[PDB]
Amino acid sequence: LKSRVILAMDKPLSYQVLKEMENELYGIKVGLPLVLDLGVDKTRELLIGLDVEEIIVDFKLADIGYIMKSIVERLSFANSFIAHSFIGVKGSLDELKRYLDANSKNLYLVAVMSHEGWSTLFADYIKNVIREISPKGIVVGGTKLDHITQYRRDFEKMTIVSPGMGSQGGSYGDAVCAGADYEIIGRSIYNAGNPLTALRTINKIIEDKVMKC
């Protein structure tokens, strides 16, 4: 089958390794630590040499609209961007969404985070923001499986991406089983002795889990 993995590239991997990974990943999530290390120019060059379904730039955008737009205009190599939902619509997400739509870029909104300290106190407000903005997708922690299932019910056509797998405790495939489309995986791949073997192993586990699912 086809991979459900989005590589969280928060640290550089060699072109050699990434080249082999191309056809065994759904996408790559480009993180701020990576871009700070390589610079925008070299980040773009790196990705140009790669062929994956989706390149997602994730700077966890959470500012006024002007600043979020200023950031994304500098990163045209991405297909999609991640922003927070909690910042709200007027003068923040509305401006960003307008710009991204005008430039044929996708938006993902952070709905529920993976760490224990995240509050789900404001799900009604968060859902309204999401419903209002109408992003391509949302981020829902793979450590919060019940939230994944809840969000999939409340948003049937939404792309759901789920991080917190491996390092943070999520067992590979549980998020997809609970309703996510893709699982975001960072350290368990890029810090592995052999990141390629790590990816191939994970793809197997996910395949197995989904079937028992």
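In case it trips you up, residue 1 is the first one in the sequence shown, and so on.
Enquirer: Mind pulling up the entry and telling me whether 175-183 or 149-157 has the higher mean Cα temperature factor?
Expert: Mean C-alpha B-factor is greater for 149-157.
Enquirer: Would you mind comparing 49-57 and 35-43 for me and telling me which has the higher average C-alpha temperature factor in the entry?
Expert: According to the PDB entry, the answer is 49-57.
Enquirer: Highest Cα B-factor in the deposition, which of 106, 92, 120, 134?
Expert: The listed residue with the largest C-alpha B-factor is 120.
Enquirer: Within this chain, which third does the Cα B-factor at residue 102 fall in: lowest, middle or highest?
Expert: CA B-factor rank for residue 102: highest third.
Enquirer: Using the B-factor values recorded in the entry, state whether the Cα atom of residue 189 falls in the lowest, middle or highest third among the modelled residues of its chain.
Expert: Ranked within chain, residue 189 CA B lands in the lowest tercile.
Enquirer: Would you mind ranking residue 200 by its C-alpha B-factor against the rest of the chain and naming the third, lowest, middle or highest?
Expert: Middle third by C-alpha B-factor.
Enquirer: Among the modelled residues of this chain, does the Cα B factor of residue 76 put it in the lowest, middle or highest third?
Expert: Residue 76: CA B-factor falls in the middle third of its chain.
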